[PDB]
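First up is the structure itself, then whatever we jot down about it.
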Amino acid sequence: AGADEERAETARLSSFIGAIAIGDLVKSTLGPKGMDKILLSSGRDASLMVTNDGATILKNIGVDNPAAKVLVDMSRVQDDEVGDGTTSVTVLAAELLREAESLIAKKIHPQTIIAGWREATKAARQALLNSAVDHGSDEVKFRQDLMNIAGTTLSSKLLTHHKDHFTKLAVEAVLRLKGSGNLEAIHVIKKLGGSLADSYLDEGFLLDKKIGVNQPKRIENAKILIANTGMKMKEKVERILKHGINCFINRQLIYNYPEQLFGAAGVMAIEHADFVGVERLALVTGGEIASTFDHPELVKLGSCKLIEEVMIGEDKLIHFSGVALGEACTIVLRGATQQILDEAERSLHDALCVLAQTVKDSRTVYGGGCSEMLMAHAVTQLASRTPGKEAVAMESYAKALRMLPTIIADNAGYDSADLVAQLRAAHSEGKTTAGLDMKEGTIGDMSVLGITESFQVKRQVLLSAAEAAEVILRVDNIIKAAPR
Amino acid sequence: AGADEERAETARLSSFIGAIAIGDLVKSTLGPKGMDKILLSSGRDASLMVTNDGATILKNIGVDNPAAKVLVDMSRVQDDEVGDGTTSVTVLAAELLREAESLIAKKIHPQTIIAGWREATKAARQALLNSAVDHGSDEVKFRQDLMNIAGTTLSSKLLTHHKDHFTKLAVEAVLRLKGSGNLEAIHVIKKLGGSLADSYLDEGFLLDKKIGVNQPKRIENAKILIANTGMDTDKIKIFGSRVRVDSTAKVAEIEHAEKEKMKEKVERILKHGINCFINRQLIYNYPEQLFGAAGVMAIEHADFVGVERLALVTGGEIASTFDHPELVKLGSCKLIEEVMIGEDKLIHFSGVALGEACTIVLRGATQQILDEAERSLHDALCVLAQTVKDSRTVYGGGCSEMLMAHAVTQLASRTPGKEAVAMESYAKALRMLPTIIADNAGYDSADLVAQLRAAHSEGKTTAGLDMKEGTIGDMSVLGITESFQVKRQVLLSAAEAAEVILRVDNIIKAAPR
Amino acid sequence: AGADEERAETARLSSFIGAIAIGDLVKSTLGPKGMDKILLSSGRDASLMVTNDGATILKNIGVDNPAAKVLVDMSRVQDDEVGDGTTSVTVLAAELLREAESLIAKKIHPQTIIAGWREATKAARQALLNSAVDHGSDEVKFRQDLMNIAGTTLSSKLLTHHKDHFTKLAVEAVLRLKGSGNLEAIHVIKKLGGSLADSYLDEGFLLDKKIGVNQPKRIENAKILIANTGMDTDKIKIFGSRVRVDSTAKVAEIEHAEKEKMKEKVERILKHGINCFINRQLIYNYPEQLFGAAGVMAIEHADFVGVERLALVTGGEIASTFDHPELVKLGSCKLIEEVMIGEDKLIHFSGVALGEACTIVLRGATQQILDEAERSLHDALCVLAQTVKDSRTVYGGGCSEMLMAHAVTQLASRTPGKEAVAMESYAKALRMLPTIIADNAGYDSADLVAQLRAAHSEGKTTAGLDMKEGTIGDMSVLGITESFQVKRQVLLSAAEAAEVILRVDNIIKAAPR
Amino acid sequence: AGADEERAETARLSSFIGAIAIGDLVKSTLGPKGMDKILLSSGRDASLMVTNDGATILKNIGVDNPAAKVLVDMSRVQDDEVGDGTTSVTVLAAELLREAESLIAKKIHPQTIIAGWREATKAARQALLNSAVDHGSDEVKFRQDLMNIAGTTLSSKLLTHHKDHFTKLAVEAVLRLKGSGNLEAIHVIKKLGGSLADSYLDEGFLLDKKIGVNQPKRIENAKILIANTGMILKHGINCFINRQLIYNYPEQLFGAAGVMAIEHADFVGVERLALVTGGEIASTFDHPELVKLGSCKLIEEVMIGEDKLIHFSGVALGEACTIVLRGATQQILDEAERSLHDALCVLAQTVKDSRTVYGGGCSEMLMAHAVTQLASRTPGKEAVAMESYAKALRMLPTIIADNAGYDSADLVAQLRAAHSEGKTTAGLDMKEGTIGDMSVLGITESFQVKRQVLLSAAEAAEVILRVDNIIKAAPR
């Protein structure tokens with residue numbers, strides 16, 4: 001007859017344990033020299049999943065019963081109006097718990113200490129109104145288009161040797177898209193051919209399948225047919241000839257008889273086409289209603305610009321192009337003939353979401369930990385000002401920022417100890433631009449690098465970090481849901 | 001090895017242990033910024049309920065062999081009379097047992113000592129008519145409506161930063177329910193999402209659930225239909241299986257039957273002018289297409305507890321088979337609509353003609369501890385309804401307790417005899433309450449107890465414990481007051497529950513592995 | 001322990017220890033200030049039960065290995081005859097065994113020794129009309145109605161703080177019960193609602209059932225109808241099931257028969273003016289609809305024991321089939337109404353013409369302490385009924401015990417031989433009763449025993465132990481008197497219980513391994 | 001299967017425990033609510049002995065297996081060249097170890113963590129001049145002569161309710177003492193009696209002895225005789241003081257003469273008296289007259305309160321004086337003897353140092369805000385060692401406040417804000433229960449106590465980290 005019922009000190013401990021385990025894994029992730037981690041499952045799940053982005057790995061699975069899944073769940077709301085950048089929001093909340101040990105020596109009422117969270121909102125304000133930001137962002141923009149935040153998100157990813165060039169490309173992709181609708185209608189695939197650019201830009205949507213060895217190489221003023229039901233010959237041919245049918249896409253197995261017909265007719269068909277490709281394609285072509293063979297003609301809306309199979313100097317590919325809607329567009333990447341090129345698939349997704357927020361927010365802060373050290377110098381002063389109870393809690397929040405300088409340089413391979421003192425001295429002076437340089441191994445000018453963080457990511461994290469920790473102390477024990 | 005057989009001294013201890021074990025869990029609850037506990041046991045328990053309200057949790061479970069269940073049950077009668085604010089009745093009874101060790105020293109008669117509790121009646125009446133309490137509560141009333149007892153009941157809880165505002169709000173609810181007939185029908189729910197106000201007051205009863213994406217947004221002069229039996233049709237006493245047939249033609253006979261259920265539902269429904277349908281279970285899909293076009297809003301799997309509350313509100317209904325529409329149903333009519341409450345969508349029933357039942361909604365900041373607000377409202381709602389009926393209250397912040405302690409201390413030495421030891425033990429009991437109020441706030445209890453006594457000793461009734469101050473101050477300026485009937489009953493409840501347990505000492509145990 | 005087979009002297013000790021163990025728990029139960037104990041068990045025991053009545057608890061459970069359960073069983077026969085007051089029969093039997101240690105020293109024939117309580121029979125004749133007595137109990141009686149034995153019976157009980165008032169109330173109940181009744185028409189219930197009085201005396205019968213929510217709230221010039229046969233008509237030879245039938249052809253015939261039952265009940269009813277109908281068993285639904293329109297209140301499944309008591313109260317009735325109404329039925333007509341009491345819905349029957357039967361309603365808070373009141377009251381009813389019929393009583397608070405003890409001491413020395421040693425031992429047994437009363441008085445026992453003997457020795461039967469005084473006082477002024485029946489029966493069977501235990505040696509089997 | 005094995009990290013633990021074991025017993029002693037502990041021993045130790053100050057008890061003997069004896073020996077040299085204050089140097093060194101656990105998380109080089117200690121030598125210097133704090137100690141000094149550092153020394157001590165006044169008094173004694181005149185001829189005891197001052201400062205030397213019952217009670221126009229060798233009318237001799245046993249025959253003579261003599265007077269008291277009276281040539285009975293120099297203002301036996309003492313006063317030289325002190329009698333009173341030794345050393349340093357810092361914890365909080373910055377300016381490996389040292393300073397404000405009988409947590413916040421502002425005057429006022437103006441109080445700490453206190457803490461911390469083994473065995 002039970003399920004939890006935790007006493008004062010032990011109950012506190014369970015919250016404490018959840019925070020420490022999460023912080024170390026998310027720790028390697030932060031900043032340019034972040035590390036990818038692989039997860040192995042052998043049953044229902046198929047293989048090791050890297051998941052470099054910290055938020056995605058916590059959301060996907062619920063390994064154990066201690067409280068932490070709900071804390072994790074909130075970070076997604078953070079992601080929706082701004083996204084990623086680098087995951088630092090979870091680490092700050094976790095470090096709050098380490099001095100809770102100090103709090104037992106407090107020998108009093110922990111709840112008054114809660115006013116420290118109130119204090120934290122003031123602390124957030126000195127970050128919101130005191131450092132970085134940017135001057136213009138006129139729209140589209142000749143040179144302000146990128147070489148900024150996309151690089152920041154990308155910096156964490158190792159591929160940034162020639163990759164930063166690809167990130168730079170991403171803005172052109174966002175410019176075509178932007179405005180209303182946020183992010184979705186974009187498709188990206190890697191290629192095995194090697195170029196210095198390592199990437200190409202395409203007008204249409206990319207797919208990778210073939211009917212068979214036989215069939216025409218190219219079609220024009222193409223009509224697109226999508227069928228729910230798999231593939232009678234004559235009904236298909238008589239309906240087909242009038243339309244001038246240039247291509248057929250089926251999301252499943254296809255009967256052999258039609259296959260011979262399509263080749264002679266001059267029509268290209270696709271076997272087992274991915275449904276997701278089809279659904280995006282439907283938006284692109286104006287759509288249709290997928291029924292029985294009555295499907296060709298008026299019930300089918302076709303986009304007549306250009307459908308062709310294009311060989312990009314190696315792997316056979318098929319490109320759909322000239323969409324009237326314009327809402328959906330696809331980018332095809334070349335590469336330098338590396339596995340890292342596979343890694344670029346991982347990188348593009350980072351590229352479109354970061355940029356969409358960057359154009360809309362019209363604000364940024366200096367990256368590489370520059371924002372973080374400056375705030376830390378200021379917070380020490382803050383603890384002294386607050387009354388008795390409030391200051392002990394406030395000081396702990398203040399030293400929390402200290403761990404970040406260590407995390408950014410530790411992943412660099414340089415000595416973490418040496419890095420902290422030198423970092424603090426430059427920030428103390430009043431130089432917002434100055435920050436951690438991992439490549440150098442010391443400190444340098446962040447602005448020259450072109451590394452910046454969305455203004456929006458910083459405003460939400462400071463508020464979320466405070467309330468989420470505040471939420472946990474309120475509750476002695478949680479879960480819920482009962483049998484029968 | 002043995003059989004856990006307890007003798008005299010030890011037997012007394014088990015009664016003793018039960019009182020101390022309960023006190024530690026409940027002490028956290030009293031005074032500002034209490035702990036909040038969930039407790040899930042499995043086995044005919046359908047929810048992990050979190051309660052910092054001592055009366056509710058003690059009653060729910062009869063946990064073990066040692067005696068304590070009988071003591072706990074009585075407090076509910078007290079709740080019926082008023083029994084709320086901060087749960088101190090059980091704690092006060094528990095400290096009574098601590099003197100029992102000194103009782104062995106008091107070599108005399110255990111039940112002579114019991115005369116002390118009848119004597120507690122003398123103490124109970126002493127609290128009464130002694131120390132001017134207050135006076136007001138004219139009707140509706142501008143300022144005297146709150147910033148009083150509800151604030152103190154919630155003082156005890158952490159939420160009082162933002163929350164005291166919510167407590168202030170709860171009197172508006174009592175004002176609307178005034179003059180109709182006692183305290184009944186109050187339902188409170190919390191909302192996931194943050195707003196500075198952290199609460200909105202709706203004109204009627206509130207629910208969570210929607211028919212579907214389609215249907216008119218709002219209905220006016222609504223007729224309400226409640227059905228015991230579901231809209232679902234299929235298995236009856238004749239089976240087909242999970243069938244479809246050999247061609248198109250035979251399928252039509254099955255199709256036609258389904259239409260007849262739709263047809264009856266619309267034909268009967270339109271004449272009544274039906275605006276909303278509420279069903280306490282699964283709802284068959286066909287009627288929804290119908291309801292959407294008609295302009296009628298239906299609720300799938302509506303909770304039964306909400307429905308019973310609603311029936312008192314609407315005027316009731318008799319729920320049966322499809323004959324259920326027209327006059328067998330007594331739906332009330334004003335406005336039923338779904339109103340965007342901040343973040344999440346809710347459905348509100350309002351303007352009930354009967355007017356005997358009303359609803360309040362609290363928001364919060366989206367947590368399982370969000371439910372803390374539900375807990376605070378029960379505390380707030382119950383006290384104010386009584387505040388209207390009692391028309392009497394006492395100064396809060398422990399002002400009442402310290403003064404009474406001063407009067408009782410004098411009494412013990414004055415009466416020579418066997419009675420005097422018993423009378424004085426009761427007298428220092430009052431001393432702990434000042435101590436508890438100070439400890440929870442965030443200040444040192446030792447300094448507080450003595451400083452407090454000097455101000456009360458002087459003769460100032462208004463002066464009391466100021467938790468925010470950390471010392472003492474004018475309670476009246478704060479506005480904190482306690483309902484008059486809570487004190488009459490609390491003193492009697494403590495004594496009656498306590499007498500039986502001291503007089504009771506035989507406890508039986510099973511084994512230690 | 002841990003290894004056991006019984007022979008000669010070892011077997012005797014088990015009987016010895018069992019008597020002492022029970023004596024301490026029961027001893028507290030004797031006198032104006034007694035003690036209550038609670039027992040906890042599982043698998044048919046809901047919770048710890050507080051048992052004041054020693055006979056009730058001993059019968060209920062066989063807790064351990066030593067033999068004493070058989071001794072316990074006999075006491076029940078005594079209980080129906082008269083039973084209670086205070087449990088003193090078991091204590092006297094147990095104290096008999098302490099000087100058994102002396103008997104090994106005596107070294108002859110224990111059977112010869114047995115002749116000593118035959119001698120105690122001589123003590124019984126000695127105790128016959130020796131000890132003034134009490135003249136009272138003429139009939140009904142104003143002042144001597146109570147504050148006597150019932151108060152003493154309740155003295156032990158854990159509710160005497162307010163209970164002694166309840167006892168006083170009970171004699172009023174016995175006065176109506178004498179002459180033209182039996183030991184019928186007595187019923188009492190307990191209800192939530194803390195009050196100083198803790199009980200109400202009703203002029204009628206108390207019941208708790210309702211026809212349905214509909215029907216007039218109050219009835220007057222009431223006519224009462226009681227039916228042996230249920231209103232239900234249908235199942236007989238071919239019920240089939242509860243029914244809905246194919247369309248409307250076959251079933252129309254069956255409901256029509258029902259209509260005949262509906263009409264007969266109303267036609268007879270209206271002429272009489274019927275205000276209330278009480279049926280002991282299931283009631284048919286059709287008439288229920290009809291009663292509401294008429295303005296007649298009926299009771300479904302009323303308990304038979306309550307009904308018959310009501311019949312003497314109302315004036316009686318002849319209960320047969322539907323020809324029951326009009327003249328064969330006799331109905332009292334003061335007032336019948338449904339009144340909410342504290343919490344639990346309840347109805348009251350009052351103003352009975354006969355005047356020979358009435359009902360008492362007790363108030364508490366639904367804790368099992370409240371449960372205790374339900375059978376505490378039962379104990380009070382039984383002692384008063386004996387008091388009117390016996391017209392014989394003896395002085396209370398140990399008055400009887402000291403007088404007899406001084407006289408019996410003389411007998412031991414005076415009668416030569418074997419007889420002298422056995423009589424003296426019986427005589428010292430009586431000494432403990434005065435001592436037990438003093439111990440539970442909170443007054444030093446040594447001083448009490450010494451002063452007590454001198455007053456009894458002097459020749460005043462009225463003088464006795466006053467616990468409140470701390471010293472010896474006049475029992476008669478207090479008014480505490482013991483009924484004559486409790487003293488003669490205890491002496492008669494005290495002898496026999498002793499006889500079975502020591503008349504045998506060697507009990508055959510039941511071992512640990 | 002488990003005799004005892006330890007290297008590096010385990011070796012560190014034995015050293016770690018020795019510092020923690022000492023710290024709990026010592027910490028109780030620190031501050032106004034200091035505590036007295038009882039120890040029992042066998043082997044040239046008769047019975048349980050309790051010492052209020054840590055330095056006296058630690059040096060007397062060495063208990064066991066863990067290293068700590070070497071660390072302990074350093075404090076007495078410190079006491080000789082300055083002193084006690086309140087015991088705290090041992091505490092600061094012990095708390096340094098507690099960050100060792102932090103160091104494993106750091107994962108670099110614990111050996112060069114050690115290089116941080118010479119940073120500390122610099123840190124003591126940086127505890128100077130970057131912060132303000134002195135602005136005083138001019139000469140005799142009007143207001144700030146005392147109610148200073150001595151009051152802080154006194155704060156640990158229970159008697160501070162009237163004692164703090166006594167402490168103020170002590171500097172007056174030192175001002176007369178100061179100069180080329182050596183640190184000698186200062187005598188102080190205690191007495192039972194009434195009066196608000198609770199202590200008298202007298203003109204001459206105080207002694208407690210009696211000739212015998214049969215001697216004149218008062219002498220005036222007194223003449224003083226001091227003899228090296230053991231055992232009148234013309235001189236008018238009023239009092240005779242001899243350092244040793246006095247022969248019985250003369251004693252009868254002195255009583256009817258009108259002369260008061262002192263048997264077995266202590267030599268140290270006699271020599272001080274000689275400097276005071278103008279001296280004497282102590283030879284054989286030829287000693288009376290000119291070879292004897294005797295001051296004559298007045299010598300008498302006076303009941304201070306209850307007990308009778310002999311007071312020498314009205315000294316012409318003025319170079320040496322005596323302090324009476326007063327108390328409420330207990331072993332705690334003997335603590336005054338402990339504090340007394342403690343007070344003399346502080347003031348002597350004050351005259352020639354010419355420097356002081358604000359007391360009551362004012363110095364410690366200001367340093368803390370400043371030291372956080374200091375670690376950052378230096379290269380990072382060096383910085384971590386110094387920054388850890390800086391966080392150690394936080395405990396001192398808390399310990400002063402915790403023993404005050406006021407809430408420690410409240411104190412830490414309010415204290416820091418005053419220091420942050422820039423006024424060195426603000427500090428911890430134990431009497432107030434909150435932060436107040438130290439300068440009005442007049443509390444300033446001797447410059448030497450701060451310079452060497454830091455050095456003693458450093459040495460205690462170093463011995464544990466730089467040596468892997470302190471053990472012994474021999475079984476094989």
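Residue numbering restarts at 1 in every chain; chains get A, B, ... in the order shown in the structure tokens, and ligands count up from 1 in that same order.
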Residue neighbourhood residue 358 of chain A, 9 Å, only C-alpha atoms, exclusion window fewer than 4 positions, as a short mmCIF file (atom, residue, chain, number, x, y, z; two decimals) with C-alpha atoms, in the first residue's frame:
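out_6.cif, freshly written:
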```
data_model
loop_
_atom_site.label_atom_id
_atom_site.label_comp_id
_atom_site.auth_asym_id
_atom_site.auth_seq_id
_atom_site.Cartn_x
_atom_site.Cartn_y
_atom_site.Cartn_z
CA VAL A 82 13.09 30.61 -30.60
CA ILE A 149 24.06 32.84 -35.66
CA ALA A 150 23.82 29.94 -38.14
CA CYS A 353 15.14 26.86 -37.85
CA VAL A 354 17.89 29.13 -36.46
CA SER A 362 15.69 41.32 -35.30
CA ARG A 363 18.02 41.02 -32.31
CA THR A 364 21.10 39.03 -31.14
CA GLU A 453 23.14 34.16 -30.39
CA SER A 454 19.45 35.01 -30.84
CA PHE A 455 18.22 37.64 -28.40
CA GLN A 456 15.08 35.60 -27.88
#
```
As a ChimeraX atom specification, list the residues of segment 261-421 of chain A assigned to alpha helix (DSSP H) by DSSP on the backbone atoms of this structure. /A:261-265,275-285,340-361,370-385,388-410,416-421
Return the Cα root-mean-square deviation, in Å, for chain C superposed on chain B by least squares with the Cα atoms paired in order.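 It is 3.7 Å.
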List every residue of chain B that has an atom at most 12 Å from any atom of chain D, and for each one report the closest atom pair and its distance in Å to one decimal, counting only C-alpha atoms, with rows sorted by chain and then by increasing residue number, as a tab-separated table.
```
residue	atom	partner	partner_atom	distance
B:442	CA	D:407	CA	10.1
B:443	CA	D:407	CA	8.2
B:444	CA	D:407	CA	7.7
B:445	CA	D:407	CA	11.5
B:446	CA	D:405	CA	10.9
B:447	CA	D:406	CA	9.8
B:470	CA	D:407	CA	11.8
```
For a test of reading the model, state the distance in Å between atom CA of residue 19 of chain D and atom CA of residue 107 of chain A, rounded to one decimal. 24.4 Å
How many Å separate atom CA of residue 155 of chain B from atom CA of residue 459 of chain B?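 Taking atom CA of residue 155 of chain B as the start and atom CA of residue 459 of chain B as the end point, the length is 25.8 Å.
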Can you work out which residues from chain A touch chain D at a cut-off of 7 Å (counting only C-alpha atoms) and hand them back as a list in words? residues 106, 383, 384, 385, 386, 387, 388, 389, 391, 392, 417, 418, 419, 420, 421, 422, 424 and 425 of chain A
Counting only C-alpha atoms, the residue of B:37, B:106, B:10, B:160 that sits nearest chain C: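 Of the candidates, the smallest distance to chain C is held by B:106.
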Counting only C-alpha atoms, give me one row per residue of chain C with an atom at most 9 Å from an atom of chain B, showing the shortest contact pair and its distance in Å to one decimal, sorted by chain then residue number, as a tab-separated table.
```
residue	atom	partner	partner_atom	distance
C:33	CA	B:111	CA	6.9
C:34	CA	B:111	CA	7.7
C:35	CA	B:503	CA	6.4
C:36	CA	B:504	CA	6.2
C:37	CA	B:504	CA	5.1
C:38	CA	B:506	CA	6.0
C:39	CA	B:506	CA	6.6
C:40	CA	B:508	CA	6.2
C:41	CA	B:508	CA	7.8
C:42	CA	B:65	CA	8.9
C:47	CA	B:69	CA	8.0
C:48	CA	B:67	CA	6.9
C:50	CA	B:504	CA	8.2
C:158	CA	B:500	CA	7.4
C:159	CA	B:500	CA	8.8
C:161	CA	B:118	CA	6.9
C:162	CA	B:118	CA	9.0
C:192	CA	B:77	CA	7.0
C:193	CA	B:77	CA	7.0
C:194	CA	B:77	CA	7.9
C:342	CA	B:80	CA	8.9
C:343	CA	B:80	CA	8.5
C:364	CA	B:74	CA	8.8
C:365	CA	B:74	CA	5.5
C:366	CA	B:74	CA	6.5
C:367	CA	B:73	CA	5.4
C:368	CA	B:70	CA	5.9
C:369	CA	B:70	CA	7.0
C:439	CA	B:109	CA	7.4
C:440	CA	B:109	CA	5.8
C:441	CA	B:109	CA	6.2
C:442	CA	B:109	CA	4.1
C:443	CA	B:108	CA	6.8
C:444	CA	B:108	CA	8.0
```
Can you list, as a ChimeraX atom specification, every protein, DNA or RNA residue that comes within 8 Å of residue 75 of chain D when you count only C-alpha atoms, leaving out same-chain residues fewer than 3 positions away? /D:55,72,78-79,456
Go ahead and dump the residues you just picked, N, CA, C and O atoms, as a PDB file, in the first residue's frame.
```
ATOM      1  N   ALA D  55      45.486  27.148  21.681  1.00  0.00           N
ATOM      2  CA  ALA D  55      46.953  27.055  21.678  1.00  0.00           C
ATOM      3  C   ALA D  55      47.546  26.386  22.934  1.00  0.00           C
ATOM      4  O   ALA D  55      48.471  25.584  22.816  1.00  0.00           O
ATOM      5  N   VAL D  72      50.431  21.988  14.851  1.00  0.00           N
ATOM      6  CA  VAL D  72      50.172  22.586  16.171  1.00  0.00           C
ATOM      7  C   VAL D  72      51.321  23.430  16.759  1.00  0.00           C
ATOM      8  O   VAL D  72      51.089  24.514  17.286  1.00  0.00           O
ATOM      9  N   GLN D  78      54.079  32.034  17.051  1.00  0.00           N
ATOM     10  CA  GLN D  78      53.140  33.081  16.670  1.00  0.00           C
ATOM     11  C   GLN D  78      52.656  33.852  17.904  1.00  0.00           C
ATOM     12  O   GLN D  78      52.538  35.071  17.884  1.00  0.00           O
ATOM     13  N   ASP D  79      52.366  33.117  18.980  1.00  0.00           N
ATOM     14  CA  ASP D  79      51.896  33.733  20.218  1.00  0.00           C
ATOM     15  C   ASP D  79      52.991  34.611  20.860  1.00  0.00           C
ATOM     16  O   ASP D  79      52.716  35.693  21.376  1.00  0.00           O
ATOM     17  N   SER D 456      50.281  31.850   9.453  1.00  0.00           N
ATOM     18  CA  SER D 456      50.070  30.646  10.257  1.00  0.00           C
ATOM     19  C   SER D 456      49.051  29.708   9.608  1.00  0.00           C
ATOM     20  O   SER D 456      49.220  28.487   9.626  1.00  0.00           O
TER      21      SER D 456
END
```
Mind listing as a list in words which residues of chain A are within 8 Å of chain B, counting only C-alpha atoms?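 Selected residues: residues 1, 2, 3, 4, 5, 108, 109, 111, 112, 471, 474, 475, 476, 477, 478, 479, 480, 481, 482, 483 and 484 of chain A.
Note that atom CA of residue 291 of chain B and atom CA of residue 314 of chain B are 21.3 Å apart.
The environment of residue 50 of chain D within 10 Å, counting only C-alpha atoms and disregarding residues fewer than 6 places along the same chain, consists of residues 36, 37, 38, 39, 40, 57 and 331 of chain D.
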Please produce an output containing N, CA and C atoms for each residue in the selection, written as a PDB file, in the first residue's frame.
```pdb
ATOM      1  N   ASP D  36      33.875  25.565  26.599  1.00  0.00           N
ATOM      2  CA  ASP D  36      34.965  24.942  27.350  1.00  0.00           C
ATOM      3  C   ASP D  36      34.827  23.419  27.331  1.00  0.00           C
ATOM      4  N   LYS D  37      35.911  22.730  26.995  1.00  0.00           N
ATOM      5  CA  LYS D  37      35.884  21.268  26.881  1.00  0.00           C
ATOM      6  C   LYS D  37      36.777  20.594  27.934  1.00  0.00           C
ATOM      7  N   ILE D  38      36.400  19.385  28.354  1.00  0.00           N
ATOM      8  CA  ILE D  38      37.147  18.661  29.396  1.00  0.00           C
ATOM      9  C   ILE D  38      37.898  17.438  28.854  1.00  0.00           C
ATOM     10  N   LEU D  39      39.169  17.344  29.214  1.00  0.00           N
ATOM     11  CA  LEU D  39      40.012  16.231  28.786  1.00  0.00           C
ATOM     12  C   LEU D  39      40.614  15.464  29.970  1.00  0.00           C
ATOM     13  N   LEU D  40      40.648  14.139  29.882  1.00  0.00           N
ATOM     14  CA  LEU D  40      41.212  13.306  30.957  1.00  0.00           C
ATOM     15  C   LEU D  40      42.387  12.482  30.414  1.00  0.00           C
ATOM     16  N   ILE D  57      46.198  24.112  25.103  1.00  0.00           N
ATOM     17  CA  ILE D  57      45.910  22.674  25.132  1.00  0.00           C
ATOM     18  C   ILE D  57      46.564  21.822  24.022  1.00  0.00           C
ATOM     19  N   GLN D 331      35.972  29.268  36.923  1.00  0.00           N
ATOM     20  CA  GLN D 331      37.184  28.943  36.135  1.00  0.00           C
ATOM     21  C   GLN D 331      37.269  29.906  34.937  1.00  0.00           C
TER      22      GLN D 331
END
```
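Residues with any atom within 7 Å of residue 231 of chain A, counting only C-alpha atoms and excluding same-chain neighbours fewer than 2 positions away, are residues 229, 254 and 255 of chain A.
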